[PDB]
file work32.cif (mmCIF, C-alpha atoms)
data_target
loop_
_atom_site.group_PDB
_atom_site.id
_atom_site.type_symbol
_atom_site.label_atom_id
_atom_site.label_comp_id
_atom_site.auth_asym_id
_atom_site.auth_seq_id
_atom_site.Cartn_x
_atom_site.Cartn_y
_atom_site.Cartn_z
ATOM 1 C CA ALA A 12 83.985 88.259 -106.881
ATOM 2 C CA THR A 13 80.925 89.842 -105.272
ATOM 3 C CA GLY A 14 78.932 92.929 -106.204
ATOM 4 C CA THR A 15 75.165 92.952 -106.685
ATOM 5 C CA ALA A 16 73.379 96.296 -106.996
ATOM 6 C CA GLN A 17 76.142 98.749 -106.060
ATOM 7 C CA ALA A 18 75.857 101.656 -108.509
ATOM 8 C CA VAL A 19 72.575 102.412 -110.339
ATOM 9 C CA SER A 20 70.437 99.783 -112.096
ATOM 10 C CA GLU A 21 71.967 97.474 -114.705
ATOM 11 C CA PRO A 22 71.660 98.106 -118.504
ATOM 12 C CA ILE A 23 69.225 95.168 -118.526
ATOM 13 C CA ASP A 24 66.075 94.552 -116.473
ATOM 14 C CA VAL A 25 65.158 91.381 -114.661
ATOM 15 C CA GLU A 26 61.650 90.625 -113.367
ATOM 16 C CA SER A 27 61.219 87.723 -110.995
ATOM 17 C CA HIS A 28 57.866 86.006 -111.301
ATOM 18 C CA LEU A 29 57.716 83.649 -108.333
ATOM 19 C CA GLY A 30 55.135 81.113 -107.260
ATOM 20 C CA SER A 31 54.765 78.901 -104.180
ATOM 21 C CA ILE A 32 54.694 75.156 -103.509
ATOM 22 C CA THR A 33 51.581 73.348 -102.354
ATOM 23 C CA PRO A 34 51.331 69.664 -101.320
ATOM 24 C CA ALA A 35 48.856 67.526 -103.206
ATOM 25 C CA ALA A 36 47.103 64.343 -102.020
ATOM 26 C CA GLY A 37 47.748 61.492 -104.568
ATOM 27 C CA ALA A 38 51.349 60.344 -105.100
ATOM 28 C CA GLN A 39 53.453 63.055 -106.787
ATOM 29 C CA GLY A 40 53.293 65.891 -109.299
ATOM 30 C CA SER A 41 54.955 68.848 -110.997
ATOM 31 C CA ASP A 42 54.163 72.559 -110.735
ATOM 32 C CA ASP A 43 55.271 75.908 -112.135
ATOM 33 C CA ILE A 44 57.423 77.679 -109.546
ATOM 34 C CA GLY A 45 57.648 80.884 -111.585
ATOM 35 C CA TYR A 46 59.401 82.706 -114.413
ATOM 36 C CA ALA A 47 61.990 85.444 -115.127
ATOM 37 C CA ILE A 48 61.895 88.237 -117.675
ATOM 38 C CA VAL A 49 64.927 89.763 -119.419
ATOM 39 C CA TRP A 50 64.307 93.241 -120.828
ATOM 40 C CA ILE A 51 66.537 93.881 -123.761
ATOM 41 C CA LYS A 52 66.957 97.549 -124.626
ATOM 42 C CA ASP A 53 67.886 96.571 -128.191
ATOM 43 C CA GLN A 54 68.866 93.347 -130.074
ATOM 44 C CA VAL A 55 71.195 91.039 -128.113
ATOM 45 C CA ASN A 56 73.433 88.214 -129.279
ATOM 46 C CA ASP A 57 73.547 86.259 -126.033
ATOM 47 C CA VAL A 58 73.152 86.436 -122.264
ATOM 48 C CA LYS A 59 74.582 84.302 -119.460
ATOM 49 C CA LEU A 60 72.517 84.053 -116.293
ATOM 50 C CA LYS A 61 73.129 81.803 -113.324
ATOM 51 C CA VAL A 62 70.158 80.854 -111.165
ATOM 52 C CA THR A 63 70.643 79.502 -107.656
ATOM 53 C CA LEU A 64 67.960 78.340 -105.251
ATOM 54 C CA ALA A 65 68.777 80.209 -102.061
ATOM 55 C CA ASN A 66 65.540 79.307 -100.294
ATOM 56 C CA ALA A 67 66.025 75.573 -100.951
ATOM 57 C CA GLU A 68 67.274 74.787 -97.445
ATOM 58 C CA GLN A 69 64.201 76.566 -96.110
ATOM 59 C CA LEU A 70 61.700 74.402 -98.049
ATOM 60 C CA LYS A 71 63.777 71.202 -98.325
ATOM 61 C CA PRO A 72 62.884 69.597 -94.871
ATOM 62 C CA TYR A 73 59.289 68.624 -95.851
ATOM 63 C CA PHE A 74 60.007 67.423 -99.407
ATOM 64 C CA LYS A 75 61.516 64.164 -100.576
ATOM 65 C CA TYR A 76 63.105 65.864 -103.584
ATOM 66 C CA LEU A 77 62.843 68.994 -105.729
ATOM 67 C CA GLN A 78 63.842 69.340 -109.384
ATOM 68 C CA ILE A 79 63.640 72.747 -111.074
ATOM 69 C CA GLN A 80 63.751 72.958 -114.861
ATOM 70 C CA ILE A 81 64.427 76.249 -116.675
ATOM 71 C CA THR A 82 62.730 76.664 -120.089
ATOM 72 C CA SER A 83 63.376 79.433 -122.620
ATOM 73 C CA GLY A 84 60.613 80.288 -125.083
ATOM 74 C CA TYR A 85 57.344 81.968 -126.057
ATOM 75 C CA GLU A 86 53.776 81.325 -127.240
ATOM 76 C CA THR A 87 51.544 83.327 -129.550
ATOM 77 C CA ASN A 88 48.210 82.994 -131.370
ATOM 78 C CA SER A 89 49.851 83.627 -134.752
ATOM 79 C CA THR A 90 51.580 80.414 -135.833
ATOM 80 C CA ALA A 91 53.072 82.277 -138.819
ATOM 81 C CA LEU A 92 55.847 83.663 -136.594
ATOM 82 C CA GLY A 93 56.752 80.176 -135.349
ATOM 83 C CA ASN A 94 57.994 80.053 -131.755
ATOM 84 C CA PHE A 95 60.190 77.522 -129.940
ATOM 85 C CA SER A 96 60.422 76.034 -126.436
ATOM 86 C CA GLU A 97 63.625 74.407 -125.170
ATOM 87 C CA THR A 98 65.015 73.588 -121.760
ATOM 88 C CA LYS A 99 68.264 75.420 -121.069
ATOM 89 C CA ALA A 100 69.007 74.042 -117.617
ATOM 90 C CA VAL A 101 67.637 71.982 -114.738
ATOM 91 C CA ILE A 102 68.617 72.620 -111.126
ATOM 92 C CA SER A 103 67.981 70.340 -108.156
ATOM 93 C CA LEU A 104 68.495 70.089 -104.460
ATOM 94 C CA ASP A 105 71.833 68.440 -105.315
ATOM 95 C CA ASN A 106 72.660 71.137 -107.895
ATOM 96 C CA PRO A 107 71.031 74.392 -106.627
ATOM 97 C CA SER A 108 72.919 76.528 -109.163
ATOM 98 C CA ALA A 109 73.123 76.335 -112.940
ATOM 99 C CA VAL A 110 74.227 78.442 -115.920
ATOM 100 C CA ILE A 111 71.606 79.830 -118.316
ATOM 101 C CA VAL A 112 72.296 80.863 -121.912
ATOM 102 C CA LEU A 113 69.792 82.963 -123.860
ATOM 103 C CA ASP A 114 69.914 83.016 -127.663
ATOM 104 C CA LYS A 115 69.263 85.851 -130.096
ATOM 105 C CA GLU A 116 66.571 83.617 -131.578
ATOM 106 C CA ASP A 117 64.994 83.428 -128.120
ATOM 107 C CA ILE A 118 64.803 87.223 -128.143
ATOM 108 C CA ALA A 119 61.503 88.416 -129.620
ATOM 109 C CA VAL A 120 61.631 90.161 -132.995
ATOM 110 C CA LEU A 121 59.806 93.420 -133.776
ATOM 111 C CA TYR A 122 57.899 93.929 -137.028
ATOM 112 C CA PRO A 123 57.510 97.562 -138.328
ATOM 113 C CA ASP A 124 54.738 96.085 -140.489
ATOM 114 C CA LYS A 125 53.333 93.864 -137.709
ATOM 115 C CA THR A 126 53.094 90.793 -139.965
ATOM 116 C CA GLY A 127 50.926 88.014 -138.552
ATOM 117 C CA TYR A 128 47.860 90.163 -137.711
ATOM 118 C CA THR A 129 47.662 93.195 -135.424
ATOM 119 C CA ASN A 130 46.493 93.163 -131.793
ATOM 120 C CA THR A 131 48.109 89.864 -130.794
ATOM 121 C CA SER A 132 49.595 88.711 -127.479
ATOM 122 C CA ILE A 133 52.692 86.865 -126.351
ATOM 123 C CA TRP A 134 52.787 84.524 -123.348
ATOM 124 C CA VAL A 135 54.935 82.039 -121.482
ATOM 125 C CA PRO A 136 54.847 78.527 -123.054
ATOM 126 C CA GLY A 137 51.857 76.541 -121.897
ATOM 127 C CA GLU A 138 50.251 79.583 -120.276
ATOM 128 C CA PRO A 139 47.981 81.806 -122.454
ATOM 129 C CA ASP A 140 46.815 83.578 -119.286
ATOM 130 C CA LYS A 141 50.450 84.551 -118.602
ATOM 131 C CA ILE A 142 50.487 87.390 -121.129
ATOM 132 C CA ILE A 143 53.796 89.253 -121.221
ATOM 133 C CA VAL A 144 53.076 91.829 -123.917
ATOM 134 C CA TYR A 145 49.849 92.802 -125.683
ATOM 135 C CA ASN A 146 49.405 95.370 -128.470
ATOM 136 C CA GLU A 147 53.045 96.382 -127.922
ATOM 137 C CA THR A 148 56.376 95.281 -129.395
ATOM 138 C CA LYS A 149 59.526 95.257 -127.188
ATOM 139 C CA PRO A 150 62.409 92.721 -127.211
ATOM 140 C CA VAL A 151 62.533 90.681 -124.017
ATOM 141 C CA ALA A 152 63.489 87.162 -122.980
ATOM 142 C CA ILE A 153 61.324 84.930 -120.815
ATOM 143 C CA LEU A 154 62.592 82.097 -118.668
ATOM 144 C CA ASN A 155 60.154 79.585 -117.326
ATOM 145 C CA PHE A 156 60.775 77.440 -114.271
ATOM 146 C CA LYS A 157 59.006 74.173 -113.574
ATOM 147 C CA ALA A 158 59.570 72.172 -110.432
ATOM 148 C CA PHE A 159 59.434 68.457 -109.886
ATOM 149 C CA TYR A 160 58.739 67.334 -106.347
ATOM 150 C CA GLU A 161 56.923 65.117 -103.906
ATOM 151 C CA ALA A 162 56.198 66.011 -100.308
ATOM 152 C CA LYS A 163 57.854 63.636 -97.834
ATOM 153 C CA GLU A 164 55.324 61.482 -95.924
ATOM 154 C CA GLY A 165 54.275 62.328 -92.341
ATOM 155 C CA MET A 166 55.031 66.089 -92.287
ATOM 156 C CA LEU A 167 52.226 68.705 -91.995
ATOM 157 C CA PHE A 168 53.207 71.989 -93.692
ATOM 158 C CA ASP A 169 51.926 75.112 -95.453
ATOM 159 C CA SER A 170 52.893 76.483 -98.896
ATOM 160 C CA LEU A 171 56.552 77.347 -99.532
ATOM 161 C CA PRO A 172 57.412 80.683 -101.244
ATOM 162 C CA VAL A 173 60.164 80.311 -103.864
ATOM 163 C CA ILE A 174 63.311 82.399 -103.774
ATOM 164 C CA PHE A 175 65.825 82.484 -106.625
ATOM 165 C CA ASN A 176 69.214 84.192 -106.925
ATOM 166 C CA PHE A 177 70.587 85.721 -110.127
ATOM 167 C CA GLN A 178 74.204 86.529 -110.952
ATOM 168 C CA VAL A 179 75.357 88.001 -114.273
ATOM 169 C CA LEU A 180 78.267 85.942 -115.609
ATOM 170 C CA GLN A 181 78.843 87.693 -118.946
ATOM 171 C CA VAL A 182 77.078 90.034 -121.377
ATOM 172 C CA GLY A 183 77.481 90.447 -125.126
#
call {"tool": "encode", "arguments": {"input": "work32.cif", "output": "structure tokens"}}
result
Amino acid sequence: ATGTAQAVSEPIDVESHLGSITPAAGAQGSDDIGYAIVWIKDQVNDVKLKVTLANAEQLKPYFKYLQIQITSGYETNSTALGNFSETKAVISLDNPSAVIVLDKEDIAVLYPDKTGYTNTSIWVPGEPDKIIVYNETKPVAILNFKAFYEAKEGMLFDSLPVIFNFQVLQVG
């Protein structure tokens, strides 16, 4: 039922890349709240990960609504490898938790020959500056999170740090 971090680290590694929310003066917008990295020791078939916004109640009082979309994918300079971006799940203040399913195709592939030109980089979709791996090949899965929100009128507030919760549902 419950048991997070009890005996030694898990066979897989998770890296939470979190960003904060800032109000903008105009009408409404969307911003990247952060991303998550799944370090695969060696070729995986699938992975189930549930994400739940634990800090929602904390930042909810000054917003009208918050919608967080989870995207699985990659970006590279070499089009020959052909990447793909697809939304796996969208959570909201009404649905703080959702199930995430990673595909083997989402897992990066290593090339002993390094086809597609050497010395290339891989980054989160839409962000070339968000380089995950450069001049190195290791299978990992990246999950991007985009938030949809509008600050409620009349409230003065500072930036909100984002907190996400992860619970392993099943592996392999």
call {"tool": "closest_residue", "arguments": {"input": "work32.cif", "among": "A:54, A:66, A:15, A:20", "to": "residue 171 in chain A", "atoms": "only C-alpha atoms"}}
result
A:66
call {"tool": "resolve_selection", "arguments": {"input": "work32.cif", "expression": "the PyMOL selection byres ((chain A and resi 142) around 12)", "output": "count of residues only"}}
result
22
call {"tool": "atom_distance", "arguments": {"input": "work32.cif", "atom1": "CA of residue 35 in chain A", "atom2": "CA of residue 162 in chain A"}}
result
8.0 Å
call {"tool": "resolve_selection", "arguments": {"input": "work32.cif", "expression": "the PyMOL selection byres ((chain A and resi 95-103) around 6)", "output": "PDB file with C-alpha atoms, in the coordinates of the input"}}
result
ATOM      1  CA  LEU A  77      62.843  68.994-105.729  1.00  0.00           C
ATOM      2  CA  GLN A  78      63.842  69.340-109.384  1.00  0.00           C
ATOM      3  CA  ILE A  79      63.640  72.747-111.074  1.00  0.00           C
ATOM      4  CA  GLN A  80      63.751  72.958-114.861  1.00  0.00           C
ATOM      5  CA  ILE A  81      64.427  76.249-116.675  1.00  0.00           C
ATOM      6  CA  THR A  82      62.730  76.664-120.089  1.00  0.00           C
ATOM      7  CA  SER A  83      63.376  79.433-122.620  1.00  0.00           C
ATOM      8  CA  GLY A  84      60.613  80.288-125.083  1.00  0.00           C
ATOM      9  CA  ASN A  94      57.994  80.053-131.755  1.00  0.00           C
ATOM     10  CA  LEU A 104      68.495  70.089-104.460  1.00  0.00           C
ATOM     11  CA  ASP A 105      71.833  68.440-105.315  1.00  0.00           C
ATOM     12  CA  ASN A 106      72.660  71.137-107.895  1.00  0.00           C
ATOM     13  CA  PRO A 107      71.031  74.392-106.627  1.00  0.00           C
TER      14      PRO A 107
END
call {"tool": "closest_residue", "arguments": {"input": "work32.cif", "among": "A:175, A:114, A:183, A:129", "to": "residue 23 in chain A", "atoms": "all atoms listed in the file"}}
result
A:183
call {"tool": "closest_residue", "arguments": {"input": "work32.cif", "among": "A:126, A:89, A:176, A:41", "to": "residue 108 in chain A", "atoms": "only C-alpha atoms"}}
result
A:176
call {"tool": "atom_distance", "arguments": {"input": "work32.cif", "atom1": "CA of residue 172 in chain A", "atom2": "CA of residue 45 in chain A"}}
result
10.3 Å
call {"tool": "resolve_selection", "arguments": {"input": "work32.cif", "expression": "the PyMOL selection byres ((chain A and resi 69) around 10)", "output": "count of residues only"}}
result
12
call {"tool": "closest_residue", "arguments": {"input": "work32.cif", "among": "A:74, A:122, A:156, A:128", "to": "residue 46 in chain A", "atoms": "all atoms listed in the file"}}
result
A:156
call {"tool": "residues_around", "arguments": {"input": "work32.cif", "residues": "residue 56 in chain A", "least_positions_apart": "6", "cutoff": "9 Å", "atoms": "only C-alpha atoms", "output": "CSV table (one decimal) with C-alpha atoms, keeping the file's coordinate frame"}}
result
chain,number,residue,atom,x,y,z
A,113,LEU,CA,69.8,83.0,-123.9
A,114,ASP,CA,69.9,83.0,-127.7
A,115,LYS,CA,69.3,85.9,-130.1
A,116,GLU,CA,66.6,83.6,-131.6
A,118,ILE,CA,64.8,87.2,-128.1
A,182,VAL,CA,77.1,90.0,-121.4
A,183,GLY,CA,77.5,90.4,-125.1
call {"tool": "residues_near_point", "arguments": {"input": "work32.cif", "point": "(75.8, 80.0, -115.0)", "cutoff": "10 Å", "atoms": "all atoms listed in the file", "output": "MDAnalysis selection string"}}
result
chainID A and resid 59:63 100 108:112 177:181
call {"tool": "closest_residue", "arguments": {"input": "work32.cif", "among": "A:19, A:119, A:12, A:31", "to": "residue 149 in chain A", "atoms": "only C-alpha atoms"}}
result
A:119
call {"tool": "closest_residue", "arguments": {"input": "work32.cif", "among": "A:127, A:157, A:150, A:75", "to": "residue 34 in chain A", "atoms": "only C-alpha atoms"}}
result
A:75
